[PDB]
Structure formats: structure tokens, C-alpha cells
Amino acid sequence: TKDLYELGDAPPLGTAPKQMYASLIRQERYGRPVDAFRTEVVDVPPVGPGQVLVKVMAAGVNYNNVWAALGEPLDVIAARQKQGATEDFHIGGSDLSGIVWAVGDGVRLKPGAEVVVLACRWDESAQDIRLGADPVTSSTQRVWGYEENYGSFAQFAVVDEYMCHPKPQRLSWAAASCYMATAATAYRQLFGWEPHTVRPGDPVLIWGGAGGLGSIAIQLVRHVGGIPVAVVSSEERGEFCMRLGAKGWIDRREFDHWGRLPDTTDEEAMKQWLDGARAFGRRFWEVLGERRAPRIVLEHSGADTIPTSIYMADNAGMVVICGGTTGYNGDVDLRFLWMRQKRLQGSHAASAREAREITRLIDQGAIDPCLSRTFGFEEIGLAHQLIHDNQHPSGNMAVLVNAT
């Protein structure tokens, strides 16, 4: 019976160790992700009622850990110490696959269970949830591993039972760890906002098709008989999108109207803007082989693309957005929005139901998680540096923890 076990090792099934290895960010090393992370020994948090301790086999890589490593737009360690927190470190990571190792009171999962996690927490007793709100939209919702300490970049992780989903048996630990953040988010975007869900025959414009969200979105649209049109910044990435089932792709480099909308009273500026948007639209028609608009636009690029997305969406269509990679000003030409009765929908993460459904589709082989590269535990910094520099490969990445 030991305080600390090496990675790959653990106390007897059913028992939590006092301490563990984890990858820590500290304020004194805020900056370039490559130098922000270091493996250290820390105390394992307590397992409360309704919680489990997971032996983490692999963990996913995420934009949010880049933010954490930089200390912007927020000093996570300081923001957390105000809440009354004692730790002067941050353990990130918001996707994982692993094995349930110990269980708290009231839990139905048993030690040995293979799980993947949806890295969202909420208060199941919240007033809004009680009166019918989807938990992920609760005032009490927060992102596990980013808005809270003790994420998945750790030998063991305490998770609430409701966060857990059955690991698809066909997947490696890395592949199972890499997908939930992007796949479940894309699934909620495309199928979570009635009555604007992808139907057979629907063209769907997918920004960043070769990226994490986009790679899952293309497969989902194809799977339901929709017509996925991907946007990319290289032929190589376009080819990846074709392999995933895209109808075709549009090279964003061939346009230069990207960015905020001019004042709608600036007639010359609007005419210039419209020229670019219409050129993009004609290219969309070309890829589609017909003069039709996308019924749904899968957004996340944000400021650069939102005006085009709004223009492109069909009458009674939806632009659904879960981020703003290029900036947070989403400039809408209200005329397109109201006259054609379009929906601009914000979306974030997924419900437990959605996490379970996308997991089912992945398990049955309808959808591939698109694992592109696997890192060792000592390479967490390198992995996030790649994302920081926009040099990460297409698809999703993973880090080995206890898995070999």
C-alpha cells in the first residue's frame, strides 16, 4: 500500500492512492505552452457521493489549455484563489478515457468500468434545471478541467458519475480520449436545436472542415444524407475533407472580404463587401452543383466569417456557432436576418444525452474520432504549443497518461 504509483501502475482496483503524478501549470511559468507544463506529484482530491475516481488512460488536447498556459484572457490560478482555493497550480485537461478505479456513495458505476467523459459540470439541484433547463445551459454549468482545477492531465481524476459515458471498445485509449469535446459539440450544433437540425438533402456549410469540429461535422452531415461543403485553407486539407465525405471544398484564401461588417450606410464599403460574399456564394453553388443555399452553417471561426455565414444561410435556416477563433465581433446584417427569417444560434459543449448519442454513433462505426497524433505525458506542452502556433495536424490529438 503506497502513497504514490508510477504512471501505468495503481493501487488495487477499488482503492484511491494518496498522491499521483499530474501535469501542472504554475504562474511563474505562464507563457509559451511548451514551457508551461511540468510533471509533479500532488495530492489526489477526495471522492464524494456521486463521484468516481478514474485511472486516466489518455487525455485529449484542447485550445482551453493554451489559454490556461498563457494566463489569458484569465489568470486561472488567481481567479480560482479568490473563490478561496488553496492550490497555486492548475491541472488542465478536459477530455479523457479511462477506467473507474474507486467510487463514492450512491454511484451505480463499478470499478473496472471503461469510460470517456463529457467535461461539463452543473448542479443537478439548480433552480433552472429543476424548472426545465437543459443542464448544459444552466447558470451552474462550467467546464471541468478549465473553469475548475484537477482536470485530466493527471494519473487519476475525480469526475461526477453524470459526466461518464461508456468507452467504445473498438477504440484505442488515445482515440477514445480525443473526441468528446469536438464530436459532442458538433453533434449538438447539428442535431440539438430543433427545428433546425440536419435532414437528408440539406446542404451544410462547414467552416474549418479539416479541423476538430469540422472533421466530425462532415461525417455527421454525410451520415444523415446531407451535403457537406467544407471550407479549408489548403488543397491537402481539402483532400482530407473529401476522404471524410465532403461534397467538395472552398479555399478561403481566394477571398478577402473577411472580417467585421462595414457600417451599413457606407454604400461603397457594403458594395465591396457584397462582391466578396457573392463570389463566395457562387463558389458554394459550384461545389454543390446547384443554386441552393446551405440550410445550416456550422460556425466557430467567428468574426472573420460570421457576416458571410449570415449571408449564406437559407431562408428559415440557421447559423450555429460555438466559438470565435478569429475574434468575438459577430456582425450581422439585420436585413438578411429578419427578411429571410434566419436563426443565429449560440451553442456550447453538449448535453449528457448528446454525449451518449455521439458515443453510440462512434461505437457503431458510423463516425470516426479522427485521432491524428498521440503524445507522451511529458509532451503536453509541445502538443499545446502546436495548437498555439496553428501547426497542429487535421483532426483531434491525444496524450497518453497511464496507457502505454
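Quick note: we count residues from 1 along the sequence shown, nothing fancier.
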{"query": "Residue stretch of maximal mean CA temperature factor, 252-260 vs 295-303", "finding": "252-260"}
{"query": "Between the two ranges 38-46 and 334-342, the one averaging a larger CA B factor in the entry", "finding": "38-46"}
{"query": "Out of 161, 202, 123, 236, residue topping the C-alpha B-factor column of the entry", "finding": "236"}
{"query": "Identity of residue with top Cα B-factor, from 322, 231, 136, 85", "finding": "85"}
{"query": "B-factor third for the C-alpha atom of residue 58 within its chain", "finding": "middle"}
{"query": "Record-listed C-alpha B factor of residue 268: chain third", "finding": "highest"}
{"query": "Residue 215 CA temperature factor, ranked by third within the chain", "finding": "middle"}
{"query": "Lowest, middle or highest third - CA B-factor, residue 64", "finding": "highest"}
{"query": "Residue 110 CA temperature factor, ranked by third within the chain", "finding": "highest"}
